[PDB]
Every structure is written in structure tokens, then in C-alpha cells.
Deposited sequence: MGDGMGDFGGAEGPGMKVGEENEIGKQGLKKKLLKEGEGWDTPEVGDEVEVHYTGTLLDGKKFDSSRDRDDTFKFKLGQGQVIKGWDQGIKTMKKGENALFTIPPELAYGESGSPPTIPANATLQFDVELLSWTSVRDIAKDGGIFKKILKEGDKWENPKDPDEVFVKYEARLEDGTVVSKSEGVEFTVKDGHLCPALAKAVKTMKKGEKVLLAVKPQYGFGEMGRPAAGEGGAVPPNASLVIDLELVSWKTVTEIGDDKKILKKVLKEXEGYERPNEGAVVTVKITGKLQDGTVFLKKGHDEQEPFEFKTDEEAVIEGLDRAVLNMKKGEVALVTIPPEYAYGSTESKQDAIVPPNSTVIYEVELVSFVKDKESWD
């Protein structure tokens, strides 16, 4: 039997319909009959399915459901679609809100906005994994099994704590609000470049470019040791790829666009090395330094 009458429901999505409400497409959920044509239906759309019985079906909405670990370990249910098409990546600093519950709706952990580097995780394994599939502003409910929750050890009540019983499943509202792209720079990847402000179209200095920059250097506890090229100072310009500046700033700016603002995390072998740098404070030997960099303009080689 068959049917006559831009996006579509997939396998396992949560469809809402008028016929003559509201189920998991194509699981065990209706008479194994008429499921199998709702998946060609569009939102507004109005089909009449004929089974050898007739069904006037208005597909109202759906919510997608995603088996993101390929495991049934985490099912992601998208309750608000996010924007555009990028998902954040391991080295990204993401900003999120979530509320994690036990199956019985007991809130164990919750947050109204928290940033983390995605590869470091947060909360439990499920979060890092969910966000790596999520668009900006995506809001989801995650059905999490123990191995992506807190395992066997579960989790004790500390504060603001809910004990998670060893081997519990979890239900998590998660919203990916926004993120900042970290690229790993050097042969090494030891230099982190976090975009604060995206620059303008495509072009990047090349080796030997003369580059105008504003820079602010800080130690990891936030002490400013250097300011250079800011508006209240003479401008600061250097040629790139000549060791005109510490190596991590040279490599960062080669990967920067005009007008880009970046935080650049520079281990001491790419910075001041093993001797002290007496600036606004002293750079103690063996410091990783964070450099706020604004690529003002440049003239390619």
C-alpha cells in the first residue's frame, strides 16, 4: 500500500501527527503498517496513506533523536535546532547550560552557563560528546547510559551534588550557547590560538609579511607583563618569520586574519624560555604566557 497528497523525519524521530498524536517513527510504535511513509512527509504536509484502510495524516512537527555514540549509549533529542552548521571541536572552549537528572527526575547537577575546553570534558563523558555534534544554540535532552554517565563508581554527593548511584542512567538538558575556536599551532601543536574576535576575509600573513599588531602578554594568573602597539603607545609592527618576536607570537600571527583578536597560549619554549624577562612584572623562567593579540593590518611578502 501507498500514498498521494524541505526537510523530512528520519527513522526513530519523535513525530506529532493528526490522523483519521504522537510517536517514535518506525520503531515498534504503530501497527508496522503506516510508519513507513511518514518519513517522506514534510512539516506542514498533508498526506493520505492507503493500506490494503485510509489515513489522512497531517505531520505536525517532529524532534530528531540521534544515537551519537552509535551505542544507544547517548541518545540526543534536539528540542531546539541551533544555528548554521559548525559543531565545536575538542580544543574549543564551549559555553553551555545543562541540568542533569536521574531517571526519576532527581536533579543531581545543573548549570546556568559554564565554559570548558571540550577535550577536558565537563560533568560526565556525555557532555563533551554531545556538544561535538551540536550547533550553536542547539538545545537537547540527552538519555545517558552509565558508561557515559559516571560508570560503576557513580558519584558521591558533595555540593551542589546529587549522588549518582553506581550504574545509573541520566537525563540531561543541555544547551550549547556559543564557543571560541582554538586552533593548535606549531609542528608540535603546543601553541593554542583561541579566536576572541574573528577577523575579516580569508587572507593571512605569509612568512616575511610586515604585520601591525596590538599585544598584551600575561602570566597564567593574569598578571600583565607586556603591552605593546596599543593606541596610547607607538604602533608595533614586525616582520613575520624572522624571529622578530617570541616564536609563539610569530606562529600565531601567521594564522591570523585582519582584525582578528586571539588569545594565544605559549609554552616557555615558544616564549621566554628558561631565563627571566623583566617587563611590567618579571617573566619567571619556564612560564607559559598568554598573549592577547590583535592583528591590525599587514602587507604580504
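K.L.:
Counting from 1 along the deposited sequence, what's missing?
P.N.:
Several regions go unmodelled: 1 to 18, 24 to 39, 55 to 72, 105 to 123, 373 to 377.
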